[PDB]
Each structure stands twice: as C-alpha cells, then as structure tokens.
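Chemist: Build the 3D model from these lines:
(chains A, B, C, D, E, F and G, ligands or ions: 13)
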Amino acid sequence: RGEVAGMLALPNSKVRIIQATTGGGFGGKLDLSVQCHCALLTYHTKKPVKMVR
Amino acid sequence: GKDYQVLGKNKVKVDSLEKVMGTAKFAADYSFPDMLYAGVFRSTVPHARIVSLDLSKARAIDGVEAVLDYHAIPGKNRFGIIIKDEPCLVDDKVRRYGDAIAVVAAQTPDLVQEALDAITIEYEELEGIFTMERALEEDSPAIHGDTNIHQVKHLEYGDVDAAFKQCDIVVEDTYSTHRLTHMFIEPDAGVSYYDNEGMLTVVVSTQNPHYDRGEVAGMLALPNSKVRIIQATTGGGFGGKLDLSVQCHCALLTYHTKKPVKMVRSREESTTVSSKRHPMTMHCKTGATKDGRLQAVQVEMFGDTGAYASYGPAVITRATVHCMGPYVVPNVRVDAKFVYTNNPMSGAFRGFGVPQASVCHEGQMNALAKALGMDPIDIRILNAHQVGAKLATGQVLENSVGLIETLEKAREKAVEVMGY
Amino acid sequence: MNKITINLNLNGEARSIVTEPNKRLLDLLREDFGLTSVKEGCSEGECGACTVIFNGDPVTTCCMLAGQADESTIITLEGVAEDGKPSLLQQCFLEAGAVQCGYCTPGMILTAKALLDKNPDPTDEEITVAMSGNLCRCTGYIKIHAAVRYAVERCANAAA
Amino acid sequence: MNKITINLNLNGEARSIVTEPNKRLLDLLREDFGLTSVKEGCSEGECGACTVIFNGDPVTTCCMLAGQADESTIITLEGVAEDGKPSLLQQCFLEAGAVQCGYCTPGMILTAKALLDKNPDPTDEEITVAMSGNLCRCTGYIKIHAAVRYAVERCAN
Amino acid sequence: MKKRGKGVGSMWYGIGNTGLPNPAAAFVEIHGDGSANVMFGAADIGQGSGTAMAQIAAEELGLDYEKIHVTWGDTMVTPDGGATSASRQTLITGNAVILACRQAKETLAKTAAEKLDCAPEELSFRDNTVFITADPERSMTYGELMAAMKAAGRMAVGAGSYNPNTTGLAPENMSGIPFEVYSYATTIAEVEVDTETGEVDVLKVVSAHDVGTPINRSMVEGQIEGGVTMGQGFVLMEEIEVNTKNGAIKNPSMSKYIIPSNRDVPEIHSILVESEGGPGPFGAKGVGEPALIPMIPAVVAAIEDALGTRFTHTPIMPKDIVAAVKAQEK
Amino acid sequence: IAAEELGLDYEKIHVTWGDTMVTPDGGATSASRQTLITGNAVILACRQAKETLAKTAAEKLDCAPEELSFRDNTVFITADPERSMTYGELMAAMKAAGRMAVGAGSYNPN
Amino acid sequence: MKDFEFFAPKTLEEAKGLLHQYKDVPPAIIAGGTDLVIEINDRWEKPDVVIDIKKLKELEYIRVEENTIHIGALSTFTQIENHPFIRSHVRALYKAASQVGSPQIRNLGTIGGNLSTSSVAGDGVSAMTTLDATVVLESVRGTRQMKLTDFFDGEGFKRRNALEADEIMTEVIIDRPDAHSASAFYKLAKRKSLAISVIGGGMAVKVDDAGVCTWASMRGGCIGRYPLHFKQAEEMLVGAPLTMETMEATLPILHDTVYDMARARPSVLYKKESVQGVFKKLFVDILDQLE
Ligand SMILES: Cc1cc2nc3c(=O)[nH]c(=O)nc-3n(C[C@H](O)[C@H](O)[C@H](O)COP(=O)(O)OP(=O)(O)OC[C@H]3O[C@@H](n4cnc5c(N)ncnc54)[C@H](O)[C@@H]3O)c2cc1C
Ligand SMILES: Nc1ccn([C@@H]2O[C@H](COP(=O)(O)OP(=O)(O)OC[C@H]3Oc4nc5nc(N)nc(O)c5nc4C(S)=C3S)[C@@H](O)[C@H]2O)c(=O)n1
Ligand SMILES: Nc1ccn([C@@H]2O[C@H](COP(=O)(O)OP(=O)(O)OC[C@H]3Oc4nc5nc(N)nc(O)c5nc4C(S)=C3S)[C@@H](O)[C@H]2O)c(=O)n1
Ligand SMILES: O=C(O)c1cccnc1
Ligand SMILES: O=C(O)c1cccnc1
Ligand code: FES
Ligand code: FES
Ligand code: FES
Ligand code: FES
Ligand SMILES: [Ca+2]
Ligand SMILES: [Mg+2]
Ligand SMILES: [Mg+2]
Ligand SMILES: [Se]
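Modeler: Residues are numbered from 1 along each chain as shown, chains lettered A, B, ... in the order given. Ligands and ions are numbered 1, 2, ... in the order given. Dropping the coordinates below:
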C-alpha cells in the first residue's frame, strides 16, 4: 500500500490493497511484483488492469 | 464559538463523489453470475387462516428454481425489531393484506411473476378489524394472543386533579393525525449469495444491518459471525427501512438454491408492505393561570399499530414522554393505549410519535396564547424548558438546552423575512 | 415476436444492439448497457430518477419502449463526466450540499445539464420549472437548486 | 481462421460452444466457462495444477487445444461437489490437513478422484504414482496422500 | 379570496432510545503517513453519518478531513452501530469514534510526550502535535510523530463503544431518566389559503434548531430543509387511504400518494442554534427527526391564523378548508 | 488463539485478514513472526474486549478473578464457591447493561 | 413484459397500412408512451402488436392560419406551450399544456395521445373541449373530422372515444382568437408539478364590437367522464356584456349543475363549491384579456 500510494502521491488511506488467496510465497512475494505496474495503468486509463505473470 | 479545526465546515461528503458520478451502487444495481430473481406471493385478504396452498403448478414452470412456504425455514419464523410477532412466511394465519405467504426464485422477473400467477390458495376469512373501537371490544377476535391491546403506558406527575382547580384557563380538544408512508425515492431492494469463501451474504437497502443479520442468522439457524449483511448505498429510509424487507426471503432462497437471489420491489409492493406512521387520536386538557403559566396537562391517547408491533412500543412511550411539549408543567397525567388492527403495519416514521404529539401540545399552546391574548412566541418563552427545569418523569435538565434561543431567533428572523 | 435492431448514440459513442422490443428504454439502458445510474424509483413517470437526456431533452425512460431510442442521441449520468473527472455541474452538486441519499441525483444532474446546454444563463424561475419533474425526499430541493445556480455563476465566472 | 463448434459434457451437463480454435483447453475452461478452479502454474504441463478429468483420465489442459475437448467428458473441481456439498474425498482433504496454500489442491483432488473412480481400494504406491503428476511446494505431499488413504478407508464401509 | 396567516410550532425530542441501552462501537487506525481508517456499523441512509464521523475523527485526531477514510454498515468488518434511528448516531456512534480515537492517541501522546512532558499536551490540530499546554512552541509534525512511532514499534489503533446514560421508566408513573440529552426547535410558517378552492400555499418558513454544535453546517441545513418539506407534505398532501374491505392501501404509488415537488417548497430560512454542556461529540446532539417535527404544528397554526378557526385533525385538505369556511358563514 | 483466549468455539469465530481498508497493519508475513506478533495482538484485543464481559460477569460477586474461558461460559477463579455463568446469560446481561465487547491490540517483540 | 411485435413506420402511409393489417388484433399505437407503457408495465394493457409512430415527424406541427389553428397529433405539450402564438393568444391551451405532468412528460407526451386516451382528468382534453376543437382521423379508408365532443361521445373499437382500430388521429384544429375573444384555464390540484387535476377549469368567449357576448364555453374538466358542459351558464352569458357581476351570476348555476350531473362523483360536495372558486379566477383571466 505504501509503495503504491507513494508512486501515485496519495495518502495511504486512499489506496486499498487486498491480499487475495495466495498460492505460496516462501519469501518471494514480499517485494513488489505487479502492484505498482497495475495501479499505474489503472491510474492513467481509469480502467481495471489485470497482470498475470 | 470554539475554533474547530474542521468541525462545522461544509466539507464535501465522503460518499457524494460516487453519487454525482453515477457509480454509486444501490441494492438494485447489483448483479451476479447465475443470479436468480425473486418475488413474494402475498395475501389479498386482511385476516384469515389458509385452508389450502398449491405450489405445484408454480414449481412445474420451466425456469422456476424454488417456490417455498414456511416449511422451508430451518430456523425460527418469528421476527420483529422490538416484539417478535412477525413471521417470515405466514404459518398460523394472515393478519394483514400483503402478508408474505410463499416466495419464488426464478431465472427472470417474468418467470417469477408467472410463478406467482400460477399459485392458488383458499382462505377461511376471519373478521378484519379496522377501527380501534372494534379492536378494544373484547369479543372481537384477537389478532395476536388473547387481546388486541398492544401497549399501555401511564405517566403520573404531580397532581392534575388538584391543579386544574387552580387554573384560570383550561383548553380541551381532541386531536388526531393520519396514516402516512415514508416514500423514500429508492424502493426496497436486496440481493443475497454465498461469496467466494462460502460466506452467506445479503447486500441490502437498510438502516440497521446488524439487526438484519441477527434475524437472518436466526432464520437459518446460524451464528451471527457467519452471516454477512452489507448496507448498500441507501436511497433513504426515514424509519421505513428498519423492519426487515427482503433480507430473509432472499437469504432463504439462497440457502436453498445456493445461488444469488435478487429481489427488487415495485414501488407499489414496497409501500403496501413497509411500515407506516401510527395514526393517533389525542384527547387533551391543558390548564394555566392568567399570566399564561402552565399548571397541568392531561392527555388520553390511542394509537393504531396495525397488524404487527414494529416500533409500536417505541412510539407509544416516546409520544407519552413528550406529549406535554417542551414546557415546564408541574402537573401531568398521560394515558396511552396502542392497539393491534388488520390495518397496515404502523412502525417508525421520522419522529416516533412526536410529530403527532406536537400537533397536540402546540395546538394547546396556540389556543392558550390566543385566549390570553399573548404572542404565541412569548407564551412559549415563558414556559420554556431551561437548564434546571424539572421534567414530568422526575428528570432535571442539567445541560444543553437552547429552546428559548430558537424561539427568539425564529421570531427575530420571521419579523424580518415575513413581517411577523 | 421478432427482435429489432436499435441504432443510437449512447454517451458519446455510436452503439448498435439487436434485442427484443418488449422492454422499456429504462430496461435497455440498465440491463443491456449496464448504466445503473439510471434509477427506477416509481415506474410511472413521477419520480424522474430514470431521466436521461434524449435528443437534447430530459425524458423519463420508464415511459418509453426500447425501440423508441432508435436514431436517438442519449446521455446518462455516466456520460457527463469529463475524462473520468467531475464536470463543473457535478463538482457543484458535490459542494452545494445538494446530495443526501443520492438516488434522485443522476436525474437532477441530467435535467440541470439539459437546461444549461440550451440556456447557459437561466433565471432561478427557469431552473425550478426545468427540474420540476424530479422528486426528492431528502433535500427539500433547496440545495439542489443552489448547486445549479452556483454552476451557472461559475460558468459565467470562466469569462477569462 | 473460422470459429469451430465444440460439443462436450462439462461437469455433468451437455454443453456446446462455437469459438475460435486458437487457444488451449485450459483457456476454454477458465475463460469461456468461468471454471477458475483449473489453475495455470507453469504453462508447460509440469505442475499439474491445470489437471482435469478428461474421459476418466486426468490430463494437463495447458497442453491441449480447445478443439480437442470435442465429444469428450470433462470434470473440473467444480463438478466434484455433490449438490453444493464437499464430496467424501473433498471432506478428507479438509480434515487430513492436505491443504496449505491450496493452489495445487484442485488438480490433486481430480487426480485422486480419477484414480478412486477406477480403483476404489488402491495401494499407497498406486496412490503415489497416480498423483506424481501434481507438484506441491507447501505440504511435502505427506498429508495429501494421507487424505487419499483416508478417503479409501472410509470408502470401505 | 386569498388569506395569509403565520403559525408557530416548537418541539422537544429526546436523543437516543427512550430509557433503554442502545450503544454503538467503532474502530480506528492511524497510518504511518498521518492518514487513517475508521470502521463503524452506523448506517448512513443519506443524512450524512459517514461524513460526520470523518469530521469528528479529524477534529479529535488533529488530522485533515481529506486524510480520513471511513467504512460502515458491513457486519463482517465493522462493529455493531445500533440502528440508525432516534436521531442517535451523531451522539452515540460519534462518541464511539471519539473514544476509539482516544485509545489510539494513547501511544501517539506517549511518543509525542517523549520530547519533555506527558499527558498535558494539546496533541492534534492541523497535522501536528503541539506541546501547547502553556507553550505552543516545541511543536512536532504528524509526519515527524509517526516516524518516532515507527522507531518505537508502536501503532495507533483503538476501539470504542458508548451508551447514553439513562434510566428505565417505572411502569406506574413513567418516572426515570429516558434521555441524556434533548433537542429543541421553533419554526414559524407563513401560508396563503384560498377560501373558495381550499388551496393552501406555504410561502415562507423559519426553522431554528438547537443542535448543540453542528458537525457540518450544510448537512444540518439539508436535514432542516428536507424536514420542513416533509412537514408541509404531512399536513397538506400526504395521506394513505385504506380499503376497509380487504385492508389494502389504496394509493401506494407515487402518482397517488402526494409529496412536495420543487415548485411547492417555500422559502426556507434555517437557523442553527448551539447549546453547551452536551454529552455528545464536541457537545453535538441530533437533528434528523427534530428537523421535521416543528413544521407540522406551525403549518396548522398558520392555517388557523389565516382563517380564524381551529383545525385539530390532519391532514388539512381543500375540502376541509372549504367546509370550515362555509361553517363560518350561515 | 481467539477461541482459547475468549473461551468461545473456534467454529463461532470469523476472521478477515490482509485487507488494508479494514484490517490493521499486521506487519509482513516473514521471519516466522505472525503467530508470535499478530498472535499477541489478537490476545490483547480479546482482553480489552473481555474488560466489559468480566466487569459484567463480576457484577455477580467478584472481579479480576473469573476466567472467561472453556466451553462458552465464564466460570470463577476457583470453580463454584459461587456458581458459574454461561456466555448466553453473560451476553444478555451485557445487552441489559448497554455494553459492547470490542477491542484493539498491537504488540512488538521486546 | 408481455411479448409483442413492434413496428415503427417511417411514413403515414406505412402506418395506415400497418393499422389496417393488424386492425383485428387490434393494434396498439404508441406515441410518447406516457399512458401506454405504464398500462403495459402494470399489465392493464396486453398488446400483441405495437405501432410506434414517433418517427412521423410530419405529424409534429403548429400551423396558424387566418381563422383556424391546426396542430399535428404528434405535437408534444412542450412544443405546444413553447409556441409564441399559443402562449400569447390561446391562454387556455397554453396553461393546460404547461401544466401537464412535468417537463419530462411534456417532452414525450403528445396532444394526440392525450385526446386519444381521453382521460377523465386529461388537461389537453379539457382545454381542447373548452376551445371546441375538431379532430381529424385517418386510415386506409380515407379521413373524417369530428368535433372533439362527438369524438368523445362516440364509441369505436374502444368506448373511450370514436377511434377505429385502423385509425390514427393526425391533427387537432381550433378556431383562432379574433381581436376580442379570450380563453382561460385553471388547474386545481394538490401540488404545483406532477399533479392530477381535481378540476380542470376551462372558459372561452367571443364578443361583438359593442362588447356583447356572442359565444361562451365553460367546461368542468374532471367533473364528468368528459369535461362537464356548463350549457345553462354559457347561455346566460350569450346576449349581454361581460362583467364580473354578470359572470358571477352564473356561479349558482355551476354549483347546481355540478351537483346534478356529478351526483355520483365521490367528491361532489367539495367540487360543487370549489368549481366556483375556480371559475372566478377564470372570470378574472378572461376579463383582463379583453381589456
Ligand atoms: C408522470 C405522469 C404525469 C402525467 N400528468 C398528466 C397531466 O398532468 N395531465 C394530463 O392530461 N395527462 C397526464 N399524463 C398522461 C399523459 O402524459 C398524457 O395523456 C399524454 O398527452 C399522452 O400522450 P402520449 O403520446 O404519451 O401517448 P401514448 O401513451 O403513446 O398513447 C396514448 C393512447 O392513445 C393511442 N394513441 C396515441 N397517439 C395516437 C394517435 N395520434 N392516433 C390514434 N391513437 C393514438 C395509443 O395507442 C394509446 O392507447 C401523465 C403521465 C405520466 C406518466
Ligand atoms: N449536531 C449535528 C447533528 C446532525 N448533523 C447532520 O445531520 C445528520 C443527522 O444526524 P442525527 O440527528 O444524529 O441522526 P442519525 O444520523 O441517527 O440519522 C437518522 C435520522 O436521519 C433523518 N434524516 C434522513 N435524511 C436522509 N437523507 N435520509 C433518511 O432516511 C433520513 N432519515 C431520518 C430519520 S427517521 C432519522 S432517525 C448527520 O448525519 C449529520 O450530517 C450534524 O452535522 N450535526
Ligand atoms: N507455534 C506454532 C507455530 C506455527 N504454527 C503453524 O505454522 C504456521 C507458521 O507460523 P509462523 O512460524 O508464525 O510463521 P508465519 O505465519 O509468519 O508464516 C511465514 C513463514 O511461513 C513459511 N511457511 C510457508 N508455508 C506455506 N504454506 N506457504 C508459504 O509461503 C510459506 N512461507 C514460509 C516463510 S518464508 C515464512 S517467513 C502457522 O500459520 C500455523 O498454522 C502453529 O500452529 N503453532
Ligand atoms: O428501538 C427502540 O426500542 C427505541 C427507539 C427510540 C426511542 N425509544 C425506543
Ligand atoms: O475464509 C475466511 O475466513 C477468509 C478468506 C479470505 C479473507 N479473510 C477471511
Ligand atoms: S422510475 Fe421513471 S419517473 Fe420514476
Ligand atoms: S437526495 Fe435522497 S431523494 Fe434526493
Ligand atoms: S499449467 Fe498445466 S501443468 Fe502447469
Ligand atoms: S498446498 Fe501450496 S502448492 Fe500445494
Ligand atoms: Ca508484496
Ligand atoms: Mg432493516
Ligand atoms: Mg405496529
Ligand atoms: Se423514524
């Protein structure tokens, strides 16, 4: 949340992160992955942006 | 007056953006995959037992998933905001026109209506009670229990019998108010479903989601933590959306079909089935001395609570506690009797009985002012409540009392804008 | 019953749909086009909550059959926003306190806009009559009317 | 490229759809039929997460072209539930602790079901090899196997 | 002919459920960047409770209104807020939010304290914990305070609940303490009655309401304007009719149950009156229902004044006006 | 943990997590910390909630010593030198007293 | 809603052809839909064939001639109230049109629809009756004209009026107000917008130089199945000058005929009184116009 809000210059309370059911992480999902890239695009297109690696 | 950082400021509402942009979703604006539509088969008679009910032909229509009566409820079948006298689906007997008897879930609104049209029923009609006079006659059938008397209150303060004898003026009149409907612009609507994680849920137009939850959980025999109620952006209530509307019928149809069930009421059904303001008749005798000071108030009132209690309890007591008006009256007596009738259900409507009470206490104050040739505002400032005044329930006002300021400011403004 | 083809300009774009004729325009907009901003408060033309701008005029979509939108230009609340942002009129409803429950709002905004697109500087009396087809149970109309008046003044204000 | 007509029996019902053939069976199920229980963990047939019962046999749907599902009988995890309730197998997976992150679970259950539908009383070894096509990074496979063994035993009665 | 008259109506209204427990709860969390979340069950049905709680939390926490996010009416993640009725939410849920914010402020105050001082310190106000208590100097920004909060492994979270202090009422005489606070109002209305057609036009209304202190002036005014209009309809237009044969309501539709249109509403001059000592948030009390009540008796009185007769029954329809007028003649 | 601390059935407990809008920050799920750190946060949140349950229950002769645990019922420090009380009777007394059981809690390794 | 075939002819000829083809169904014409769509939605009407005529822009017109005014059936009330001549010289129609429903209803609703519905409380109905309008009905069989009064009295495929199943009203005609003639309309109703008339009062007159009343029309919209014809009252005016006292002299007459002819109406006791307050206002209106 902090990172995304930072990227978009929005107060934390205005950015919602929902941790969906997660299929394992083991530490590999602590760093940012698609959060900022998706948000950045939704910010500019104002539409939902799905990113599946 | 206290330099607040943000308090008092005309800040744009946290929910106005969605409303002006058209993205805000009211219950009827929700749609889900595989969602079914629902309707209710309601009574067309006011008071009667059901001799027979045929749901077979409705069930046979291709496209109709379920047609249920009270037998489909796994938990309890008695609900109510205050008194549990309302069924989800009628079991023992119909008590009003529009009583919910059976529900239907189908693939389209047209199929639902088709299902309702195919249901047939036979009633054994009892006497429909529509007057409080007949309701009070003990030989009249009891809509609930053994009497049609729903609530009774008595407020006794000081001594009005002695007081009236010391008065220079006494005005006595019978007042009465009518039956009204909330008429919020958004008709009742809701949708229930099990979410991705199996959570039973109900998105609904309501004023009290937590209450709604307890009822649904009680119907489905589930713990409160396992029933989710989400209050959707609500298009007004004014008290008419406190009682259960579609929550249970939807949840029940979802419990059985396991699919999402959407129920949007036509304006007509919404009005026909939702609560109404209690019509009341108040007999009042108000006494005072020549200087216009109030000495005693005596009220004997009656209220028609309709087929079910709803806020009947809340209305009779609130009206009883305020019927002398916002004035210091050293002697007050109040008798109030609310009765059950087969008239539409009376419940909560902005004011909880005080609008009806004010018609009475203000009518009295104005007749006093006119007869004593006083200015209506002055006779009120004279008897107005102030910090320290003793209330008819024994309570003494300790703070936050600005009745005299409303009186003065109001008159000052009216002199200026309307020529008072 | 044979289906029909309805050609119209919806919220700025040319749309085309082949559908059953036995439905109201309200149903077409809400169900087939997903514009839930168009509300159904009464089903009989009284509340005005289902109002849309139709060929420049505010009309109650619950009183119309879907096929009647053929060859028409329609604007629903969704089509008022400017690049995902509140138009001036919309910003004014936000600030004037014209919004309580918000159910009559889509209709109020559309009716106001329909007027301003024809007459940029209406008299207060003209604003009232223009919006007399929209019922509100929360505001008492006072601030809704203020919002429109404020929009008219700020619009003129933009004389830079 | 012309759209093709596909007829199949999906989760107990006869379905039929006309669509472009340039896609995998996995895509068809996830996108066209909304069956998102069928996961895509590698895209190369290794993890098994995209396993579905294809004609009594489990298969990797990420290795099949949509058109190949024509005239077939397919069962995905959604088709296992009995009138909305967890089957015996599903119940065993629940109580055995065979579920951690749950991403591999759909495939596991489908492989175990395909097996049990042919061999009600399998050997622990037959169970192992039977599910060797599904990879899990959470459980170590221990408790998943236990759930299958668990189901078989309760199957006796 | 046309006759005008003016009438006054004053009212009293206890806030919260009558001599019964009826609490509400709330949750609060202040984020590391000086913004925050608030969770409360209280349903916002258009009156503005969600916005009120935000402004209250802002004032109490000393953060910007725009920095507060609010979630309500979801039984899965918001604590019971009781019913949104009895014009009780601003008072009960409002206080519940304040209490929630106070607990959360405990750590904030302790960390802020850690800079010479302790409790006595007016924390909160324009995004900064001011040492103020005798010296507004030695300030500290919320940005700086959260930095310290983090370095200390402290989080600003809180939970609160409130119940009005009341007593049950004795059944014999109804004695006791039903409400911990009451709202007051006085409305004066001017009308014009047509003696021959019975038409009643409401020209002007002045409505003054004692609200303790307003959380949002514009929202309070809307309540009043909506209430006055609902009152006008109560007396002159709205009336449900019942078929005593089958018990059905005869006029359930919008075309047959008449409520005021925008061309019916009169000139409305609202007056917000403040009173001190109130037990509510910053001394605020309810106005939701109070906004409607006084209008009703005022309109009635105004018609009596215009015609010179009494009307003790509502609604007062054209036929009732003509009957009264004809009854004054021969 | 919540069930043990509160003395309620695990099956009656519902939880929501990892949703920034309505769940408080629980730190990152790493360093095998969650059971420890969020586990204590929960207990502390439960205890605050128990403050009104205990106060309400205690209003039946006693105070701090009570033990709000085991099979849905608030017993007594010792056992029954003064009978126990069921959660059902407790919640009815909580309601009658106008009290709610809500709590917030946070923890940080020392 | 109920299934049905939907046609939208592009010319009057095609519409007539359709009406004729499906005349035995019978067909259900739809213009603005402000009456029909609701009748269908509430299931009061169950058509099998709907003929939308909104594309017939040719039926939307207001032609002011030397002695008559011809209004196309598809003319909306909005187009009617906005017409400068109507608004200036035919006050009865102006007031009625401007007070039908709301702007949304006025933007959709047509005079042909109003007259074809022939509602007891129809405001277009009341005004056009007061102005003694004539309607033109056409079909593949030709065309005919009839006084609105006879159109209402007659019974075609429906009892409400003389329309036949294959007919379409194409135009309404009223006499153009001469130098000294006047008309007035007053809508007695519960609210100032979206109100159903309780009494739709209409009055129109003609005078001859000397100021003598030559023609009189006084109608009580909503006080009868069709606007109540105050014949006796009109005859009292014809033959003498128009003054408040001469017009008020008819008041007891309006009272008596409302109570006689509206004998079975539910609110007769109130309307026999209020109809007097209504017409007094009409008297004022008429008089100020002539002066
Ligand atoms: C909210 C609301 C408020 C209303 N307020 C008023 C009011 O205040 N005063 C009042 O007078 N009415 C009122 N109406 C009724 C309606 O607006 C009028 O009757 C209107 O003029 C009807 O025109 P329309 O084109 O909509 O007709 P439609 O509904 O299309 O049809 C009217 C009927 O006549 C037939 N018809 C239509 N056009 C023709 C034609 N040219 N030839 C032959 N037959 C035809 C149709 O088949 C149908 O049976 C109200 C309606 C609504 C929904
Ligand atoms: N000191 C105060 C008091 C009130 N307010 C404003 O007025 C509202 C009403 O507050 P309050 O009197 O505390 O009442 P509630 O929040 O409990 O609201 C319920 C109340 O609200 C009323 N007004 C309504 N307004 C709308 N738009 N919709 C309803 O359904 C309404 N229903 C009615 C009825 S009935 C009731 S019981 C607050 O949200 C606030 O925006 C304020 O700013 N400052
Ligand atoms: N006294 C204890 C300790 C642990 N547990 C169980 O074991 C789990 C681990 O708890 P804990 O050690 O507190 O660790 P976290 O909950 O903080 O989990 C994170 C940790 O979890 C690990 N195991 C994983 N397991 C799964 N399924 N998926 C990952 O991504 C995993 N990633 C790793 C890595 S790396 C880390 S840092 C708990 O949820 C619990 O079910 C328990 O019952 N009692
Ligand atoms: O809900 C109640 O019981 C209630 C609400 C308001 C006033 N008195 C009682
Ligand atoms: O199943 C649950 O209890 C659950 C699932 C997702 C997020 N929170 C809770
Ligand atoms: S739903 Fe169309 S006007 Fe009310
Ligand atoms: S703001 Fe609620 S109906 Fe208008
Ligand atoms: S995605 Fe098919 S096996 Fe991995
Ligand atoms: S449980 Fe996580 S991969 Fe199998
Ligand atoms: Ca991450
Ligand atoms: Mg409710
Ligand atoms: Mg009742
Ligand atoms: Se209410």
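
Chemist: how about the most centrally placed residue in chain C, what does it touch?
Modeler: Centroid-nearest residue in chain C, with C-alpha atoms, centre = their mean: residue C:110, separated by 2.9 Å. For residue C:110, the contacting residues are C:51, C:52, C:53, C:58, C:75, C:76, C:77, C:80, by C-beta atoms under 8 Å, 6 or more residues apart in numbering or on different chains. For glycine as for every other residue, the C-beta is placed from the backbone atoms N, C-alpha and C.

Chemist: all helices for chain G, in order.
Modeler: Assigned by DSSP state H, chain G shows helices spanning G:12-21, G:36-41, G:77-82, G:84-89, G:91-98, G:103-108, G:111-117, G:123-130, G:148-153, G:231-237, G:244-248, G:251-261, G:268-290.

Chemist: contact partners of the longest helix seen in chain C?
Modeler: When chain C is parsed with DSSP H, its longest helix is helix C:142-157. Under the contact criterion C-beta under 8 Å, 6+ apart, helix C:142-157 has outside partners C:88-89, C:92-93, C:95-98, C:108, C:112, C:115-116, C:120-122, C:124, C:127-128, C:131, C:136, E:218, E:221-222, E:225, E:262, E:265, E:268.

Chemist: Also near ligand 7: which of these, exactly?
Modeler: Among the contacts of helix C:142-157, the residues within reach of ligand 7 (C-beta under 6 Å from any ligand atom) are residue C:136.

Chemist: Inside helices: which ones of the contacts of helix C:142-157?
Modeler: Judged by DSSP H, the subset of those located in helices is C:88-89, C:92-93, C:95-96, C:108, C:112, C:115-116, C:124, C:127-128, C:131, E:218, E:221-222, E:225.

Chemist: which ones are touching the residue lying closest to residue G:290 once chain neighbours are set aside?
Modeler: Spatial nearest neighbour of residue G:290, chain neighbours left out: residue G:182 (5.4 Å); criterion: C-beta to C-beta, 6 or more residues apart in numbering or on different chains. Residues near residue G:182 by C-beta under 8 Å, 6+ apart: G:91, G:204, G:205, G:285, G:286, G:289, G:290.

Chemist: what do you get if the cut-off is 6 Å, keeping everything else the same?
Modeler: Residues counted as contacts of residue G:182 (C-beta atoms under 6 Å, 6 or more residues apart in numbering or on different chains) are G:205, G:286, G:289, G:290.

Chemist: Then residue E:211?
Modeler: By C-beta under 6 Å, 6+ apart, residue E:211 lies in contact with E:220, E:287.

Chemist: where's it relative to residue B:11, distance?
Modeler: From residue E:211 over to residue B:11 the distance is 17 Å, taken as C-beta to C-beta, to the nearest Å.

Chemist: Mind telling me which residue is nearest the centre of chain G?
Modeler: residue G:125 (2.0 Å).

Chemist: Can you name the residue of chain C nearest chain D?
Modeler: Residue nearest to chain D within chain C: residue C:18 (17.2 Å; C-beta to the nearest C-beta).

Chemist: Output the longest helix belonging to chain A.
Modeler: Under DSSP H, chain A gives helix A:35-45 as its longest helix.

Chemist: hmm, it in reach of chain C?
Modeler: No - Helix A:35-45 lies out of reach of chain C by C-beta under 6 Å from any C-beta of the partner chain, never closer than 9.0 Å.

Chemist: Touching that helix from outside, list them.
Modeler: Here helix A:35-45 makes contact (C-beta under 6 Å, 6+ apart) with A:4, A:7, A:8, A:49, A:51.

Chemist: Can you list the buried residues in it?
Modeler: Neighbour-count burial for helix A:35-45, counted by 16 or more other C-beta atoms under 10 Å in any protein chain shown, picks out A:35, A:39, A:41.

Chemist: Repeat that for stretch G:154-169.
Modeler: Neighbour-count burial for stretch G:154-169, counted by 16+ other C-beta under 10 Å, picks out G:156, G:160, G:161, G:162, G:163, G:164, G:165, G:166, G:167, G:168, G:169.

Chemist: Distance from that stretch to the middle of the chain?
Modeler: Counting by C-alpha atoms, centre = their mean, to the nearest Å, stretch G:154-169 is centred 16 Å from the centre of its parent chain.

Chemist: do the same with stretch E:293-301
Modeler: Offset of stretch E:293-301 from its chain centre (C-alpha atoms, centre = their mean): 19 Å.

Chemist: cool, and stretch G:234-249?
Modeler: Put simply, stretch G:234-249 sits 25 Å off its chain's centre (C-alpha atoms, centre = their mean).

Chemist: That stretch spans what distance, first to last residue?
Modeler: Criterion C-alpha to C-alpha, to the nearest Å; first-to-last residue distance in stretch G:234-249 is 11 Å.

Chemist: quick one: it near chain E?
Modeler: No - contact of stretch G:234-249 with chain E (C-beta under 6 Å from any C-beta) is absent, the minimum separation being 11.6 Å.

Chemist: Buried residues in that stretch, which are they?
Modeler: For stretch G:234-249, by 16+ other C-beta under 10 Å, it's G:234, G:236, G:237, G:242, G:247.

Chemist: just curious, which of those is nearest to residue E:174?
Modeler: The shortest approach to residue E:174 among the buried residues of stretch G:234-249 belongs to residue G:247, at 61.3 Å (C-beta to C-beta).

Chemist: surely that closest one meets residue G:283?
Modeler: Yes - assessed by C-beta atoms under 6 Å, residue G:247 is found in contact with residue G:283 at 4.3 Å.

Chemist: which residues sit in contact with the nearest residue to residue G:196 once chain neighbours are set aside?
Modeler: In space, residue G:196 comes closest to residue G:121 once its chain neighbours are excluded; the distance is 5.3 Å by C-beta to C-beta, 6+ apart. Contacts for residue G:121 (C-beta under 6 Å, 6+ apart) come out as G:196, G:197, G:222.

Chemist: pretty sure the last one is touching residue G:197, no?
Modeler: If I follow you right, that is residue G:222. Yes - counting by C-beta under 6 Å, residue G:222 touches residue G:197, with 5.0 Å between them.

Chemist: correct me, but residue E:324 touches residue E:309?
Modeler: Yes - if you go by C-beta under 6 Å, residue E:324 and residue E:309 touch, sitting 5.0 Å apart.

Chemist: Which of those two has more residues huddled nearby?
Modeler: With neighbours defined as other C-beta atoms under 10 Å in any protein chain shown, residue E:324 and residue E:309 compare such that residue E:324 has more, 20 against 13.

Chemist: Any chance you could list what contacts the helix or strand hosting that one?
Modeler: For residue E:324, the element it lies in under DSSP states H and E is helix E:318-328. Contact with helix E:318-328 is made by E:195, E:198, E:309, G:270, G:273, as judged by C-beta under 6 Å, 6+ apart.
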